[PDB]
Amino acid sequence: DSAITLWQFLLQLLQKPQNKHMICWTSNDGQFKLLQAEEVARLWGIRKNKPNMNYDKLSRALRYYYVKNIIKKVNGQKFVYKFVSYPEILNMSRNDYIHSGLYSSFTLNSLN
C-alpha cells in the first residue's frame, strides 16, 4: 500500500532531523536545500528498488515537477529548490476510423 511519491518523500525526509545534513529547509514559505544530494537520492533508490539512483537522475524527477508545478528551482541557490505553494500542500465503436473522413480502402488492380 505504498504509493510513495518523491515530493512526498521530501516531506518525511524534510521533517526529520535525522538527515539534516543532506536535506534541510530555507525560508519558511517551503523553500529548501539538498546539501548532500547523492545521498538523498541514495535514500530514494532504496525506496522504489532503484539501487542505481543518483542526483543526475533524481534531479530530473524534480525538473519535471517544474512544469507539473510542484517544485521550482531558485536561480543560483545550488541544491536549493522549493515547493510551489506551501504549506497548503501539507495535508497533515471499434470502427470509428472508418467513419472519420481519413480512412480509405480499395484495391491494387483498380489503380489501372
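One-based numbering along the sequence shown.
In terms of unmodelled positions of the deposited sequence, the stretch from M92 to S93 in this entry skips 10 or more residues. For the pair 77-85 and 60-68, the mean Cα B-factor is higher in 77-85. On average the C-alpha atoms of 1-9 have higher B-factors than those of the other stretch, with 101-109 and 1-9 being the two compared. Per-chain ranking of the deposited C-alpha B factor places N49 in the middle third.
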